[PDB]
Amino acid sequence: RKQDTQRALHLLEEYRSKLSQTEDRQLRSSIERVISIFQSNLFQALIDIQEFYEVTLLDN
Amino acid sequence: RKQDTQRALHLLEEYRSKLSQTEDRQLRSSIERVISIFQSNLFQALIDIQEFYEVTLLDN
Amino acid sequence: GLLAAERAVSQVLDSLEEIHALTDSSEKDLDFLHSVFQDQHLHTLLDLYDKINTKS
Amino acid sequence: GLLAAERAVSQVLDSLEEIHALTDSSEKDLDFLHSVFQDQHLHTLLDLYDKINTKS
Numbered sequence: 004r005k006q007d008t009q010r011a012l013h014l015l016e017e018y019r020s021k022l023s024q025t026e027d028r029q030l031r032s033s034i035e036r037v038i039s040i041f042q043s044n045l046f047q048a049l050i051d052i053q054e055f056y057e058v059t060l061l062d063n
Numbered sequence: 004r005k006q007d008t009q010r011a012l013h014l015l016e017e018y019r020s021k022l023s024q025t026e027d028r029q030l031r032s033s034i035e036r037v038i039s040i041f042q043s044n045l046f047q048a049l050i051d052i053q054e055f056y057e058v059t060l061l062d063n
Numbered sequence: 339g340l341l342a343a344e345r346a347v348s349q350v351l352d353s354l355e356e357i358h359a360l361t362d363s364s365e366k367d368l369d370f371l372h373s374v375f376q377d378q379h380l381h382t383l384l385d386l387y388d389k390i391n392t393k394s
Numbered sequence: 339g340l341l342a343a344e345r346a347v348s349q350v351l352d353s354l355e356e357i358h359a360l361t362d363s364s365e366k367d368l369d370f371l372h373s374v375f376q377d378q379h380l381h382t383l384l385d386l387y388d389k390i391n392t393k394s
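Chains as they are written, first to last, in full-length UniProt numbering: chain A, 4 to 63; chain B, 4 to 63; chain C, 339 to 394; chain D, 339 to 394.
Here it is as structure tokens:
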């Protein structure tokens with residue numbers, strides 16, 4: 004998932020760059036969120052946790 | 004546990020103060036360990052998560 | 339940081355195909371990302387990401 | 339930052355009673371902390387504490 008997260012947030016980065024500048028500026032902001040939240044120093048750390056820390060959500 | 008942790012790390016803090024200065028200096032360092040690790044910024048972080056994120060460890 | 343961690347993912351998740359529409363990113367690549375965003379565990383990384391980031 | 343999470347908790351855990359020995363804190367209070375440290379989930383708290391704090 005770490006490889007999919009980077010390739011995902013990476014793809015999104017390129018998508019936003021080639022997305023906006025036409026008629027989807029706001030949409031660009033959305034993609035950006037996914038990028039920052041993705042490459043976030045904290046986010047990546049959590050992704051690593053998944054290795055062997057099944058975080059069961061109850062208040063999801 | 005959040006309240007029990009602060010009360011634990013707090014108790015330990017007072018304990019070390021009245022512990023060392025006799026014949027348990029090293030042990031004093033032990034107490035502060037629990038104190039910093041307890042009141043740590045990250046520590047309070049996973050505790051808050053536990054609220055509804057049962058970390059099911061499996062290999063670590 | 340907690341909202342976008344999931345909200346943001348859903349925005350791009352819905353517009354993804356719209357993006358291919360005006361970007362040519364290819365639905366194939368979009369599908370891969372839909373999965374990258376469809377995962378449930380991810381929402382855990384996202385929700386937890388903001389939790390600690392907003393815990394202080 | 340990951341060794342004391344258990345080493346410190348366990349070392350100070352056994353010292354707790356030794357502390358009462360040369361401090362007169364409170365045997366009852368000592369027991370309370372033993373539980374504060376005995377908690378299994380707690381060990382997960384410190385483990386993850388350094389895990390994320392170190393990876394960051």
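Built from N, CA and C at the ideal position, the CB exists for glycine as well.
Close Cβ partners of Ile50 (chain B) (< 8 Å) along its chain, the five nearest in sequence each way excluded: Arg4, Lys5 and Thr8
Who pairs with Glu57 (chain A) in a beta bridge, going by DSSP? B:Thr59
Residue-chain proximity (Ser394 (chain D), chain A), Cβ-Cβ < 7 Å: By this cut-off, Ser394 (chain D) is an interface position.
Looking at the C-beta of residue 280 (chain D), does it have a partner C-beta in chain B at a distance below 7 Å? Given a span of 339 to 394 for chain D in the structure shown, any question on residue 280 (chain D) remains unanswerable.
Within 7 Å of any Cβ in chain C, is that where the Cβ of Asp27 (chain B) sits? no
Own chain partners of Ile34 (chain B) with C-beta closer than 8 Å, once the 5 adjacent residues on each side are dropped: Cβ within range, chain order: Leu15, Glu16, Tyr18, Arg19 and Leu22.
Given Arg31 (chain B) as reference, the closest of D:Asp352, D:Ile390, D:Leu384 and D:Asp385 once Cα atoms are compared: That would be D:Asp352, whose Cα lies nearest to the Cα of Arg31 (chain B).
Integer Cβ distance of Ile40 (chain A) from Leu386 (chain D), believed to fall under 8 Å: At roughly 20 Å, the Cβ-Cβ gap does not stay under 8 Å, so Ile40 (chain A) and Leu386 (chain D) are not in contact.
In chain B, which residues lie with their C-beta within 7 Å of the C-beta of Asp367 (chain D)? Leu14
In chain B, which residues lie less than 9 Å from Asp62 (chain A) when you measure between Cβ atoms? Correct list: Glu54, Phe55 and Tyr56.
List the residues of chain D that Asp7 (chain B) touches, going by C-beta distances under 7 Å, in chain order. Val374
Let me know the secondary structure DSSP gives residue 476 (chain D) once reduced to three states. Residue coverage of chain D in this structure runs from 339 to 394, which leaves residue 476 (chain D) outside it and unanswerable.
Considering only the alpha carbon of each residue, which of A:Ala48, A:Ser43 and A:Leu61 lies closest to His13 (chain A)? Taking the Cα of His13 (chain A) as reference, the smallest distance to any Cα among A:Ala48, A:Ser43 and A:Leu61 is reached at A:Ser43.
Considering only the beta carbon of each residue, do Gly339 (chain C) and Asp388 (chain C) sit closer than 7 Å? yes
Closer than 7 Å, CB to CB, is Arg31 (chain A) near chain C or not? Answer no: the Cβ-Cβ gap between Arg31 (chain A) and chain C never drops below 7 Å.
Selection from C:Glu344, C:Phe370 and C:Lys393 that minimises the alpha carbon distance to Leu354 (chain C): For the residues C:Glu344, C:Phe370 and C:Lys393, the minimum Cα distance to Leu354 (chain C) belongs to C:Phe370.
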